[PDB]
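Below you'll find only one chain, the form solved without this ligand, shown as structure tokens.
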């Protein structure tokens, strides 16, 4: 078995290997990359996502989210308070203000220490989940707005044509902005490209050990657990590496820098934080290997998780027994 310790693998494809996305994902899996739940892909030196980032300041962040924490430094939840709209240029200035800017630090490990020590005492503002793309239309390789759609994959694998679309999302981050422990909708893959700015630190649990994280989360968030049998679908809970280590949960960590891709694999729980002002683009995707994970994915039916239009068909076709209850949670 390849990669039996479930380490995060880093790939350096040549420009020739960068042509065929599906083929390269299957290659990475042949080497065991999925066992970690997360992989890094450094694009060939010849590649670029677009020519410059000089003209992005007029993009609108219609609903910036202030991420307010509750709990203790290593075990907390966050809720998202909606703020007034602002442009990317306005948000970048905000991120660089004395109130929100990255503190002085020695290296990524020092910054990671400071994040876990101090996150809960501040409420950073995240421009998340903005439909759109920063890939130039002329970028032909690994252009996250030109991937094969998950609806087309389900149709190719299973023969059923379904409604729905699959488009990317932009994320504008600042110091301490935080993504809570989660897997993707329907335990899909994700791919994330850091277009510009400061790094993003990731934590990930191997898919084979995901249920260990879930059991710890039920212990640590006992009211939330009683409220919903899949409360990590709410995307609000954080657990630090120190707490994970104290409770014997297998995980790994890695820092993504600008110009790098990350791939999350089906049922790979992940969480993380931004080091300073940045912009990322991400989208879900599927492969044939995903279908079995889609069929087994947990679902929130309590009403909290509320997701896209396109997840309807996935539930309806892959999980017909669950469909009725899940749809009630959507409506």
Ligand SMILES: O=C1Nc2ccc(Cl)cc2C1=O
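Note that the rigid core is defined as the largest set of C-alphas that superpose within 1.5 Å between two forms. Only residues modelled in both forms are compared. Positions refer to the first chain, counted from 1.
The deposited model assigns a higher average Cα B-factor to 39 to 47 than to the other stretch when 263 to 271 and 39 to 47 are compared. Mean CA temperature factor is higher for 101 to 109 when stretches 208 to 216 and 101 to 109 are set side by side in the entry.
Highest C-alpha temperature factor among 294, 276, 303, 64 per the entry: 303. Ranked within its chain, residue 330 lands in the highest third, by CA B factor from the PDB record. When the modelled residues of the chain are ordered by C-alpha B-factor, residue 186 sits in the middle third. In this PDB entry, residue 229 carries a Cα temperature factor that places it within the highest third of its chain's modelled residues. Among the modelled residues of its chain, residue 56 has a C-alpha B-factor that falls in the highest third, as given in the PDB entry. Sort the chain's modelled residues by C-alpha temperature factor and residue 284 lands in the lowest third, per the entry.
Another form, the form solved in complex with this ligand, is not on view; read the next lines as being about it.
For this ligand, fitted onto this chain by superposing the C-alphas round its site in the entry with it bound, the count of atoms within 2.4 Å of backbone or C-beta atoms is 3 or more, giving a blocked pocket. Heavy atoms of residue 41 never reach within 4.5 Å of this ligand in the entry with it bound, leaving it off the interface.
For the stretch 312 to 326, the set of residues having any non-hydrogen atom within 4.5 angstroms of this ligand in the entry with it bound comprises 315, 323, 326, in sequence order.
After superposition on the rigid core, only one stretch of three or more consecutive residues whose Cα atoms move by at least 2 Å between this form and the one not shown is found, at 324 to 328.
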